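Below is one structure, written out as structure tokens; comments come after it.
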Amino acid sequence: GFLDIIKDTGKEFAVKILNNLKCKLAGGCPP
């Protein structure tokens, strides 16, 4: 709730990997 580093750095770390994986593994924008 109020941990305001952990609440969003852990989400950002996962989302960054997941978005890159979405681009490569669904073929829509592989770097």
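In the structure tokens, the first chain shown is A, the next is B, and so on; residue numbers restart at 1 for each chain, and ligands run from 1 in the order shown.
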
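Across chain A, DSSP run on the backbone finds helix (DSSP H, G or I) at residues 6, 7, 8, 9, 10, 11, 12, 13, 14, 15, 16, 17, 18, 19, 20, 21, 22, 23, 24 and 25 of chain A.
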
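The space between atom CA of residue 30 of chain A and atom CA of residue 15 of chain A spans 16.1 Å.
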
Write out as a count of residues only which residues come within 10 Å of residue 31 of chain A when counting only C-alpha atoms, dropping same-chain ones fewer than 6 positions away. 3
